[PDB]
Every structure is written in structure tokens, then in C-alpha cells.
Amino acid sequence: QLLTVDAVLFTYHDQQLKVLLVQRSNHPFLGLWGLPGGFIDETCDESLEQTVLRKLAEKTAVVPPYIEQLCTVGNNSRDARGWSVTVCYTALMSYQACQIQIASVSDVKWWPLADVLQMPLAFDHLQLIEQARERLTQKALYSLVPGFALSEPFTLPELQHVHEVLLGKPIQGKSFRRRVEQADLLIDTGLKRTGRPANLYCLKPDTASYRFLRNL
Amino acid sequence: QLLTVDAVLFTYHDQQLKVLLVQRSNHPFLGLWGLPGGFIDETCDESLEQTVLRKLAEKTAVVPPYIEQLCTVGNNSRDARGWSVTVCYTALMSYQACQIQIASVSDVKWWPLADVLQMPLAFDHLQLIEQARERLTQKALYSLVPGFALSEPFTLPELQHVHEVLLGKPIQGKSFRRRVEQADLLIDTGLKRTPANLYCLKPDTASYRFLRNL
Ligand code: NA
Ligand code: NA
């Protein structure tokens with residue numbers, strides 16, 4: 001079987017969800033945009049995660065701070081060359097961590113999600129994006145994983161807004177703050193960003209695994 | 001890469017969770033117990049789900065009422081031969097639907113989960129079983145999917161109890177039944193068992209999730 005690993009890497013910028021895409025310099029679906037991803041390299045990859053982090057770093061020059069397996073798709077119809085299997089990951093990083101290393105490259109671009117949803121993407125990659133986007137919605141409901149799409153440190157209004165974008169729905173500021181404070185997942189830097197001086201926070205590592213039992 | 005699919009199939013019987021294991025007849029780990037699973041056959045499988053259903057049916061003679069993809073494990077250390085990838089599924093079925101078939105087969109059997117968790121198993125199948133058990137705990141928190149591990153029709157107490165076993169603690173008998181009745185997932189057969197109601201799962205039980213934890 002044709003066995004690949006792919007990643008839907010999201011960030012948040014100006015002021016929408018953006019998804020990292022790579023133009024296919026390679027037949028089939030040649031010249032079309034699609035997910036970063038590809039083949040396992042046994043000489044440098046020791047696990048599937050190392051495979052997907054390498055494929056991301058080959059494009060961004062950064063290992064993203066958040067990554068999680070989404071799904072594995074495999075069947076005899078998604079790819080014209082043969083039965084193929086793709087292990088798909090979701091990732092999150094901040095926009096400026098790698099826009100500094102990605103301006104200078106023409107086959108790698110951050111695309112507005114809305115734009116992407118109207119594009120002719122290679123293979124079944126549109127469908128993988130939709131699945132990733134939907135899992136992100138659940139992350140907005142049960143975690144602070146959306147914080148990984150922001151540059152560090154961030155304000156709590158920033159964090160709230162990313163969650164609102166994902167749920168497509170204004171959310172209840174004071175409930176949110178209450179849940180954040182009790183999760184005990186943010187480090188208050190003691191710094192301020194100012195028409196009000198807002199506290200600047202970093203994510204604790206354990207944000208990645210922490211889940212609220214009740215929805216937002 | 002060696003590419004397989006595996007399934008961790010659970011059921012509920014004798015007030016305990018069981019897991020289906022299959023005894024290996026070939027190397028490596030020849031003679032070790034492990035998950036049902038193996039290679040894609042492009043001649044009969046059109047998708048990964050068809051592969052794993054075949055791997056299970058080959059052993060149980062029964063297509064399970066519930067199956068969900070769990071995770072894909074791939075590394076150069078779970079198999080001594082080299083780089084190895086396995087797409088794992090979780091599945092649930094009733095004990096009685098396949099016990100009557102696997103009773104007669106020496107290399108396939110339901111094992112007590114608590115015992116299996118302490119066993120030497122083929123490859124990394126113990127880790128796979130642990131991760132599936134963990135995932136089932138979430139199902140107990142957010143769905144009625146644990147019902148698929150029961151013979152149909154079943155009673156509410158019977159249903160509440162598999163959730164309790166999965167959760168590892170008792171549960172409020174009034175808030176559960178409230179939860180269940182608002183979800184609208186059970187069909188009342190109008191039939192009774194000692195006089196507790198007997199219910200069937202609605203097919204959409206597989207996909208319905210509760211917003212609030214149990
Ligand atoms: Na670029
Ligand atoms: Na047997």
C-alpha cells in the first residue's frame with residue numbers, strides 16, 4: 001500500500017483561522033494545493049509522530065507546540081495510483097513563529113480557511129480539513145487547546161476570541177474566565193498589554209492533555 | 001512498512017468486561033495471545049473498516065454492532081523485524097452472539113480484561129488494549145455506546161452497571177435515567193424481565209454524544 005502521513009496545521013491570524021498548504025510539484029493532482037505530508041523515512045523517523053513533525057519542519061522550520069492524530073483514512077478509491085492509507089494529524093502553532101521562515105517560499109502558504117473550503121484540493125484533503133476543523137470545535141468546547149494557535153504570551157480576550165471563532169458563536173466572557181481560572185492552566189506572566197491593561201498569559205505544558213468534564 | 005489493522009473487541013459478561021484474544025499460530029510471538037488483526041487484502045477489502053470487520057468476522061463469525069477507529073501506531077520498536085504500522089479499532093458486541101461460535105475454536109476466546117491487563121501479549125497489544133479501555137471510559141462519560149456490549153434487549157440497571165464498571169464507581173440512578181430518557185436512544189419493547197423494562201438501542205446510539213459528562 002501507498003502509506004503517507006499528513007497534517008492539518010492551523011494558526012490564527014488577522015483575524016481568522018488559517019491552514020498551512022503545500023502546492024503539489026508532483027503527479028497526480030499536479031499543481032494543486034494540499035496538506036503537508038508524505039512518506040515515512042526509516043533512516044530518520046522512529047515513530048509516526050516523528051514522521052509528521054519532520055514533514056512540518058521541512059515546510060515551516062519549526063516543530064509546532066501542539067500535535068494530535070486526527071484519523072487514518074484508507075481505501076481503494078481516494079487515490080488513482082492504488083489502495084492508499086493516510087495517517088492524518090491536527091496541529092496548532094502561532095503564525096509569526098514561522099511566517100518569518102515562509103515568506104521566502106512560493107509552494108508553501110498560509111491560506112484563510114474560508115478560501116480553502118472553496119479550493120480544488122488534491123485527493124480527499126478538503127475532507128480531512130473539514131474533519132480537523134470539526135475536532136477543533138470540540139477542543140474549543142472541552143479544552144484550552146485553541147491557545148496553541150496564538151503567540152505566547154497572550155491575553156484572555158485573545159483566547160476567548162479564538163474559541164468564539166471555532167464555535168462560530170459569541171461566548172460568555174465571565175463563565176469562560178471562571179472555567180479558565182479553575183482549570184489552572186495558564187501562567188500569569190504579571191505583564192500587561194493595553195483600552196485596558198490585560199494580563200499576559202502562557203500555556204502550561206499540561207494544557208495539551210487537560211480536558212474539562214463539562215462543555216463551555 | 002508492515003501494515004496491519006487490529007481490533008480490541010469488548011463485551012460485558014459475568015459482571016465483568018471481557019476482551020477477545022486470538023492465539024498466534026505463526027512467528028513471531030508464535031503461541032502468544034493477542035488481538036485479532038492483520039494485513040489488508042486488496043482483493044476483498046475496499047476500506048480499512050472492511051479490513052477490520054473481516055479480521056473480526058474471521059474469528060467471531062459475527063459482524064460487531066459497533067466499531068470505531070482508535071489510533072494508528074507505527075514505529076521501529078514494536079516489531080523486531082523493523083518498521084511496523086497498525087491501525088487499531090475498538091468494537092463492542094454481546095457475549096452470547098459469538099460465545100456460541102468461539103466455544104468450539106481453541107485459538108479464539110473471551111478473556112477477563114482485568115487478567116489480560118496483567119498478561120504478556122503479542123507485540124504491543126497490551127498498550128493497544130489499555131488505550132481502548134481508556135477510550136471506553138470517555139464513552140461512558142458522553143454516550144450510551146456501552147449498551148452495544150450487552151445482549152439486546154436489556155434493562156436500564158444492566159445498562160447503568162456497564163457504565164459503572166467502565167467508570168470504576170457507582171452512579172446516581174436518577175440522573176442517569178433522566179439522561180437516558182432525554183437522549184431518546186432506547187426503544188421500549190413493552191416487554192419485562194425480573195418487572196424491569198427491556199430496551200433495544202436505536203441505531204443512532206453510535207453517533208449521539210451528550211454535551212455534559214455523566
Ligand atoms: Na510562502
Ligand atoms: Na475458544
# chains A, B, ... in the order shown; residues from 1 in each chain; ligands from 1

$ select_by_dssp --residues "range 68-184 of chain B" --states "helix (DSSP H, G or I)" --output "ChimeraX atom specification"
/B:95-102,113-116,125-142,145-149,156-167,173-183

$ residues_near_ligand --ligand "ligand 2" --cutoff "7 Å" --atoms "only C-alpha atoms and all ligand atoms" --output "short mmCIF file (atom, residue, chain, number, x, y, z; two decimals) with N, CA and C atoms, in the first residue's frame"
data_model
loop_
_atom_site.label_atom_id
_atom_site.label_comp_id
_atom_site.auth_asym_id
_atom_site.auth_seq_id
_atom_site.Cartn_x
_atom_site.Cartn_y
_atom_site.Cartn_z
N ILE B 102 -17.27 -19.31 19.30
CA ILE B 102 -15.87 -19.40 19.66
C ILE B 102 -15.60 -20.43 20.77
N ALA B 103 -16.68 -20.98 21.32
CA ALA B 103 -16.61 -22.07 22.30
C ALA B 103 -15.91 -23.26 21.67
N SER B 104 -16.17 -23.44 20.37
CA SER B 104 -15.69 -24.57 19.58
C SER B 104 -14.32 -24.37 18.93
N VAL B 105 -13.72 -23.20 19.11
CA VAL B 105 -12.44 -22.87 18.48
C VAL B 105 -11.38 -22.61 19.55
N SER B 106 -10.27 -23.34 19.46
CA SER B 106 -9.27 -23.37 20.53
C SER B 106 -8.37 -22.12 20.58
N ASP B 107 -8.25 -21.40 19.45
CA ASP B 107 -7.34 -20.26 19.32
C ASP B 107 -8.01 -18.87 19.46
N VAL B 108 -9.29 -18.84 19.82
CA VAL B 108 -10.02 -17.60 19.99
C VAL B 108 -10.80 -17.73 21.29
N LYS B 109 -10.71 -16.73 22.16
CA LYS B 109 -11.54 -16.74 23.37
C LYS B 109 -11.68 -15.38 24.03
#

$ select_by_dssp --residues "range 48-118 of chain A" --states "strand (DSSP E or B)" --output "list in words"
residues 66, 67, 68, 69, 70, 71, 72, 73, 74, 75, 84, 85, 86, 87, 88, 89, 90, 91, 92, 108, 109, 110, 111 and 112 of chain A

$ residues_near_ligand --ligand "ligand 1" --cutoff "7 Å" --atoms "only C-alpha atoms and all ligand atoms" --output "VMD selection string"
chain A and resid 102 to 109

$ write_last_selection --atoms "C-alpha atoms" --output "PDB file, in the first residue's frame"
ATOM      1  CA  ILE A 102       7.792  31.050   4.952  1.00  0.00           C
ATOM      2  CA  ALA A 103       7.534  34.398   3.161  1.00  0.00           C
ATOM      3  CA  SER A 104      10.608  33.372   1.147  1.00  0.00           C
ATOM      4  CA  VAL A 105       8.943  30.171  -0.220  1.00  0.00           C
ATOM      5  CA  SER A 106       6.370  30.024  -3.058  1.00  0.00           C
ATOM      6  CA  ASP A 107       4.945  26.483  -2.795  1.00  0.00           C
ATOM      7  CA  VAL A 108       4.101  26.876   0.940  1.00  0.00           C
ATOM      8  CA  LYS A 109       1.409  29.343   2.074  1.00  0.00           C
TER       9      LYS A 109
END

$ closest_atom_pairs --of "chain B" --to "chain A" --cutoff "12 Å" --atoms "only C-alpha atoms" --output "tab-separated table"
residue	atom	partner	partner_atom	distance
B:1	CA	A:3	CA	8.3
B:2	CA	A:1	CA	9.7
B:3	CA	A:1	CA	8.1
B:4	CA	A:1	CA	10.7
B:5	CA	A:74	CA	10.8
B:39	CA	A:1	CA	10.4
B:40	CA	A:1	CA	8.8
B:41	CA	A:83	CA	10.1
B:42	CA	A:83	CA	7.3
B:43	CA	A:76	CA	10.3
B:44	CA	A:76	CA	10.6
B:45	CA	A:75	CA	8.0
B:46	CA	A:75	CA	5.4
B:47	CA	A:75	CA	3.9
B:48	CA	A:74	CA	5.4
B:49	CA	A:74	CA	8.6
B:50	CA	A:75	CA	9.1
B:51	CA	A:75	CA	9.7
B:52	CA	A:74	CA	11.7
B:68	CA	A:71	CA	10.8
B:69	CA	A:71	CA	7.8
B:70	CA	A:71	CA	8.4
B:71	CA	A:71	CA	7.2
B:72	CA	A:72	CA	7.0
B:73	CA	A:48	CA	7.2
B:74	CA	A:48	CA	5.4
B:75	CA	A:47	CA	4.1
B:76	CA	A:46	CA	5.6
B:77	CA	A:46	CA	8.0
B:78	CA	A:47	CA	10.1
B:82	CA	A:42	CA	9.2
B:83	CA	A:42	CA	7.3
B:84	CA	A:47	CA	9.3
B:85	CA	A:48	CA	8.5
B:86	CA	A:72	CA	10.3
B:87	CA	A:72	CA	7.4
B:88	CA	A:72	CA	9.7
B:89	CA	A:72	CA	10.8
B:138	CA	A:213	CA	9.9
B:141	CA	A:213	CA	8.6
B:142	CA	A:213	CA	9.4
B:209	CA	A:138	CA	11.3
B:210	CA	A:215	CA	9.6
B:211	CA	A:215	CA	6.0
B:212	CA	A:214	CA	5.0
B:213	CA	A:213	CA	5.7
B:214	CA	A:213	CA	8.7

$ residues_around --residues "range 115-130 of chain B" --least-positions-apart "2" --cutoff "7 Å" --atoms "only C-alpha atoms" --output "CSV table (one decimal) with N, CA and C atoms, in the first residue's frame"
chain,number,residue,atom,x,y,z
B,8,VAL,N,-9.7,-4.2,19.2
B,8,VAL,CA,-9.9,-4.5,20.6
B,8,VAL,C,-11.4,-4.6,20.7
B,29,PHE,N,6.2,-14.2,17.9
B,29,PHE,CA,5.3,-14.4,19.1
B,29,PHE,C,4.4,-15.6,18.8
B,32,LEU,N,1.7,-16.8,21.4
B,32,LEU,CA,1.3,-15.7,22.3
B,32,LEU,C,-0.2,-15.3,22.0
B,33,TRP,N,-0.9,-14.9,23.0
B,33,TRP,CA,-2.2,-14.3,22.8
B,33,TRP,C,-2.1,-12.8,22.4
B,34,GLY,N,-3.1,-12.4,21.6
B,34,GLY,CA,-3.1,-11.1,21.0
B,34,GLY,C,-4.4,-10.7,20.3
B,35,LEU,N,-4.4,-9.5,19.7
B,35,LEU,CA,-5.6,-9.0,19.2
B,35,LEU,C,-5.9,-9.7,17.9
B,78,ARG,N,8.1,-1.7,18.0
B,78,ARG,CA,7.1,-2.6,18.4
B,78,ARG,C,7.2,-4.0,17.7
B,79,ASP,N,8.0,-4.0,16.6
B,79,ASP,CA,8.3,-5.2,15.9
B,79,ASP,C,9.8,-5.3,15.7
B,111,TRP,N,-11.4,-13.2,27.2
B,111,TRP,CA,-10.7,-13.2,28.4
B,111,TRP,C,-11.2,-12.1,29.3
B,112,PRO,N,-11.1,-12.3,30.7
B,112,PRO,CA,-11.3,-11.2,31.7
B,112,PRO,C,-10.3,-10.1,31.5
B,113,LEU,N,-10.8,-8.9,31.3
B,113,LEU,CA,-10.0,-7.7,31.0
B,113,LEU,C,-9.0,-7.5,32.1
B,132,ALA,N,-7.6,1.5,24.4
B,132,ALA,CA,-9.0,1.3,24.1
B,132,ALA,C,-9.9,1.3,25.3
B,133,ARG,N,-9.4,0.7,26.4
B,133,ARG,CA,-10.1,0.7,27.7
B,133,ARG,C,-10.3,2.2,28.2
B,134,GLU,N,-9.2,3.0,28.1
B,134,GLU,CA,-9.3,4.4,28.4
B,134,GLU,C,-10.4,5.1,27.6

$ closest_residue --among "A:174, A:208, A:181, A:24" --to "residue 38 in chain A" --atoms "only C-alpha atoms"
A:24

$ residues_around --residues "range 7-14 of chain A" --least-positions-apart "3" --cutoff "6 Å" --atoms "only C-alpha atoms" --output "ChimeraX atom specification"
/A:17-20,36,88-95,149

$ write_last_selection --atoms "N, CA and C atoms" --output "short mmCIF file (atom, residue, chain, number, x, y, z; two decimals), in the first residue's frame"
data_model
loop_
_atom_site.label_atom_id
_atom_site.label_comp_id
_atom_site.auth_asym_id
_atom_site.auth_seq_id
_atom_site.Cartn_x
_atom_site.Cartn_y
_atom_site.Cartn_z
N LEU A 17 -9.06 31.76 11.16
CA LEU A 17 -8.30 30.53 11.06
C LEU A 17 -7.59 30.48 9.73
N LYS A 18 -6.30 30.16 9.76
CA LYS A 18 -5.55 29.87 8.54
C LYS A 18 -5.00 28.43 8.60
N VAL A 19 -4.96 27.77 7.44
CA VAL A 19 -4.46 26.39 7.31
C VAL A 19 -3.23 26.39 6.39
N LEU A 20 -2.17 25.71 6.81
CA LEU A 20 -0.94 25.64 6.02
C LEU A 20 -1.08 24.67 4.85
N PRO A 36 0.52 19.44 3.88
CA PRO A 36 1.89 18.94 4.04
C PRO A 36 1.82 17.49 4.54
N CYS A 88 -3.57 10.92 9.35
CA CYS A 88 -3.78 12.36 9.42
C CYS A 88 -3.70 12.87 10.83
N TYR A 89 -2.97 13.98 10.99
CA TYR A 89 -2.76 14.69 12.25
C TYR A 89 -3.39 16.07 12.17
N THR A 90 -3.78 16.60 13.35
CA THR A 90 -4.06 18.03 13.52
C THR A 90 -2.92 18.68 14.27
N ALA A 91 -2.55 19.87 13.84
CA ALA A 91 -1.57 20.63 14.58
C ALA A 91 -1.97 22.10 14.75
N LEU A 92 -1.35 22.73 15.75
CA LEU A 92 -1.53 24.15 16.03
C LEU A 92 -0.20 24.82 16.32
N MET A 93 -0.01 26.00 15.75
CA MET A 93 1.15 26.82 16.07
C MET A 93 0.81 28.29 15.91
N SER A 94 1.66 29.17 16.41
CA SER A 94 1.43 30.59 16.17
C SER A 94 1.93 31.00 14.79
N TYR A 95 1.21 31.94 14.20
CA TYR A 95 1.51 32.46 12.87
C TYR A 95 2.93 33.04 12.69
N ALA A 149 -2.73 28.01 18.99
CA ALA A 149 -2.76 28.81 17.75
C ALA A 149 -2.31 30.27 17.93
#

$ atom_distance --atom1 "CA of residue 61 in chain A" --atom2 "CA of residue 126 in chain A"
24.4 Å

$ residues_around --residues "residue 145 in chain A" --least-positions-apart "3" --cutoff "7 Å" --atoms "only C-alpha atoms" --output "list in words"
residues 139, 148, 207 and 208 of chain A

$ atom_distance --atom1 "CA of residue 96 in chain A" --atom2 "CA of residue 161 in chain A"
18.1 Å

$ residues_around --residues "residue 177 in chain A" --least-positions-apart "6" --cutoff "10 Å" --atoms "only C-alpha atoms" --output "compact mmCIF listing (two decimals) with N, CA and C atoms, in the first residue's frame"
# COMPACT_ATOMS: atom_id res chain seq x y z
N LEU A 156 -6.37 37.03 27.76
CA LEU A 156 -7.52 36.17 27.89
C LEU A 156 -8.65 36.51 26.91
N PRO A 157 -8.86 37.81 26.59
CA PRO A 157 -9.69 38.17 25.44
C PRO A 157 -9.26 37.59 24.08
N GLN A 160 -10.31 33.87 24.36
CA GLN A 160 -11.75 33.82 24.20
C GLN A 160 -12.15 33.97 22.74
N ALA A 183 -9.46 25.65 35.83
CA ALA A 183 -8.61 24.71 35.11
C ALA A 183 -7.17 24.87 35.59

$ atom_distance --atom1 "CA of residue 185 in chain A" --atom2 "CA of residue 162 in chain A"
16.5 Å

$ residues_around --residues "residue 200 in chain B" --least-positions-apart "6" --cutoff "8 Å" --atoms "only C-alpha atoms" --output "NGL selection string"
:B and (152-154 or 186-189)

$ write_last_selection --atoms "N, CA and C atoms" --output "JSON list (two decimals), in the first residue's frame"
[["chain", "number", "residue", "atom", "x", "y", "z"],
["B", 152, "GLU", "N", -29.24, -7.71, 23.56],
["B", 152, "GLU", "CA", -30.47, -6.95, 23.31],
["B", 152, "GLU", "C", -31.65, -7.92, 23.33],
["B", 153, "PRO", "N", -32.75, -7.59, 24.04],
["B", 153, "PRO", "CA", -32.99, -6.36, 24.79],
["B", 153, "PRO", "C", -32.34, -6.41, 26.17],
["B", 154, "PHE", "N", -32.19, -5.26, 26.80],
["B", 154, "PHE", "CA", -31.53, -5.19, 28.10],
["B", 154, "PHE", "C", -32.30, -4.22, 28.99],
["B", 186, "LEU", "N", -33.28, 4.73, 23.49],
["B", 186, "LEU", "CA", -33.72, 3.39, 23.78],
["B", 186, "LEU", "C", -35.12, 3.16, 23.27],
["B", 187, "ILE", "N", -35.33, 1.99, 22.70],
["B", 187, "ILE", "CA", -36.65, 1.58, 22.29],
["B", 187, "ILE", "C", -37.18, 0.67, 23.38],
["B", 188, "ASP", "N", -38.32, 1.06, 23.95],
["B", 188, "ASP", "CA", -39.02, 0.22, 24.92],
["B", 188, "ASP", "C", -39.76, -0.87, 24.17],
["B", 189, "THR", "N", -39.39, -2.12, 24.43],
["B", 189, "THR", "CA", -40.02, -3.27, 23.79],
["B", 189, "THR", "C", -41.43, -3.53, 24.35]]

$ closest_residue --among "B:114, B:98, B:178, B:163" --to "residue 64 in chain B" --atoms "only C-alpha atoms"
B:98

$ decode --residues "range 54-177 of chain A" --atoms "C-alpha atoms" --output "short mmCIF file (atom, residue, chain, number, x, y, z; two decimals), in the first residue's frame"
data_model
loop_
_atom_site.label_atom_id
_atom_site.label_comp_id
_atom_site.auth_asym_id
_atom_site.auth_seq_id
_atom_site.Cartn_x
_atom_site.Cartn_y
_atom_site.Cartn_z
CA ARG A 54 9.67 16.29 10.14
CA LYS A 55 7.17 16.91 7.31
CA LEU A 56 6.02 20.06 9.12
CA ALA A 57 9.55 21.29 9.89
CA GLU A 58 10.57 20.73 6.22
CA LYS A 59 7.96 23.38 5.40
CA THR A 60 7.97 25.73 8.42
CA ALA A 61 11.41 25.33 10.03
CA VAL A 62 9.62 24.86 13.41
CA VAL A 63 8.28 21.95 15.38
CA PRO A 64 4.67 23.01 16.28
CA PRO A 65 3.90 23.12 20.02
CA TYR A 66 0.70 21.06 19.60
CA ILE A 67 0.03 17.95 17.52
CA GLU A 68 -2.50 15.15 17.77
CA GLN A 69 -3.51 12.31 15.47
CA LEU A 70 -6.86 13.01 13.77
CA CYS A 71 -7.73 9.88 11.79
CA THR A 72 -6.32 7.30 9.38
CA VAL A 73 -8.07 7.09 6.03
CA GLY A 74 -7.52 4.10 3.76
CA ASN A 75 -9.44 2.73 0.79
CA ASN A 76 -9.17 1.82 -2.90
CA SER A 77 -10.79 4.92 -4.36
CA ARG A 78 -9.21 8.03 -2.74
CA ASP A 79 -6.06 7.66 -4.83
CA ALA A 80 -5.74 6.84 -8.51
CA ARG A 81 -2.33 5.19 -8.16
CA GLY A 82 -3.60 2.44 -5.82
CA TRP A 83 -5.04 1.38 -2.49
CA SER A 84 -3.65 4.10 -0.18
CA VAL A 85 -3.60 4.82 3.53
CA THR A 86 -3.02 8.20 5.10
CA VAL A 87 -2.42 8.85 8.81
CA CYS A 88 -3.78 12.36 9.42
CA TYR A 89 -2.76 14.69 12.25
CA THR A 90 -4.06 18.03 13.52
CA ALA A 91 -1.57 20.63 14.58
CA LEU A 92 -1.53 24.15 16.03
CA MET A 93 1.15 26.82 16.07
CA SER A 94 1.43 30.59 16.17
CA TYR A 95 1.51 32.46 12.87
CA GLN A 96 4.72 34.54 13.45
CA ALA A 97 6.76 31.58 14.75
CA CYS A 98 7.08 30.52 11.09
CA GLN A 99 5.75 33.33 8.80
CA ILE A 100 9.30 34.65 9.36
CA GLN A 101 10.58 31.47 7.55
CA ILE A 102 7.79 31.05 4.95
CA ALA A 103 7.53 34.40 3.16
CA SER A 104 10.61 33.37 1.15
CA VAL A 105 8.94 30.17 -0.22
CA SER A 106 6.37 30.02 -3.06
CA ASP A 107 4.94 26.48 -2.79
CA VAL A 108 4.10 26.88 0.94
CA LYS A 109 1.41 29.34 2.07
CA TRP A 110 -0.97 30.08 4.97
CA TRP A 111 -4.48 30.11 3.49
CA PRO A 112 -7.69 31.53 5.01
CA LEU A 113 -9.85 28.54 5.89
CA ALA A 114 -12.85 30.09 4.08
CA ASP A 115 -10.76 30.32 0.91
CA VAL A 116 -9.56 26.71 1.34
CA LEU A 117 -13.13 25.40 1.64
CA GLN A 118 -13.74 26.72 -1.93
CA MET A 119 -10.49 25.34 -3.44
CA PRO A 120 -9.81 22.20 -5.54
CA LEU A 121 -7.59 20.36 -3.08
CA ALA A 122 -5.54 17.32 -4.01
CA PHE A 123 -7.07 13.94 -3.16
CA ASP A 124 -9.51 13.95 -0.25
CA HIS A 125 -7.64 16.68 1.63
CA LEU A 126 -10.63 19.02 1.77
CA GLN A 127 -12.46 16.31 3.67
CA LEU A 128 -9.51 15.86 6.08
CA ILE A 129 -9.51 19.67 6.68
CA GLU A 130 -13.26 19.61 7.46
CA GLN A 131 -12.73 16.74 9.92
CA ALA A 132 -9.78 18.58 11.57
CA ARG A 133 -11.86 21.80 11.75
CA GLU A 134 -14.71 19.88 13.40
CA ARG A 135 -12.42 18.30 16.00
CA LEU A 136 -11.08 21.80 16.74
CA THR A 137 -14.67 22.82 17.50
CA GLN A 138 -14.82 20.04 20.16
CA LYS A 139 -11.44 21.17 21.50
CA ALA A 140 -12.93 24.70 21.94
CA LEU A 141 -15.73 23.09 23.99
CA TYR A 142 -13.69 20.87 26.29
CA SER A 143 -10.15 22.31 26.46
CA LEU A 144 -7.85 25.36 26.05
CA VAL A 145 -6.02 23.64 23.19
CA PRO A 146 -7.02 26.61 20.95
CA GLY A 147 -4.45 28.65 22.90
CA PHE A 148 -1.71 26.87 20.91
CA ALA A 149 -2.76 28.81 17.75
CA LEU A 150 -1.72 32.10 19.49
CA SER A 151 1.66 33.69 20.05
CA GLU A 152 2.87 33.48 23.63
CA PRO A 153 2.17 35.37 25.84
CA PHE A 154 -1.49 36.11 25.01
CA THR A 155 -4.40 37.87 26.71
CA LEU A 156 -7.52 36.17 27.89
CA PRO A 157 -9.69 38.17 25.44
CA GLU A 158 -7.44 36.79 22.63
CA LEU A 159 -8.01 33.26 23.90
CA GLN A 160 -11.75 33.82 24.20
CA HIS A 161 -11.89 35.15 20.65
CA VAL A 162 -10.11 32.13 19.12
CA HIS A 163 -12.63 29.88 20.92
CA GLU A 164 -15.52 32.05 19.59
CA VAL A 165 -14.17 31.75 16.01
CA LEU A 166 -14.10 27.94 16.38
CA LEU A 167 -17.59 27.66 17.83
CA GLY A 168 -18.82 30.28 15.33
CA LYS A 169 -20.68 31.77 18.27
CA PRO A 170 -20.02 34.65 20.70
CA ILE A 171 -19.31 33.14 24.11
CA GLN A 172 -20.00 34.18 27.68
CA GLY A 173 -16.88 36.08 28.88
CA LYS A 174 -17.36 35.64 32.63
CA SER A 175 -18.26 31.95 32.52
CA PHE A 176 -15.16 31.43 30.32
CA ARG A 177 -12.84 33.30 32.75
#
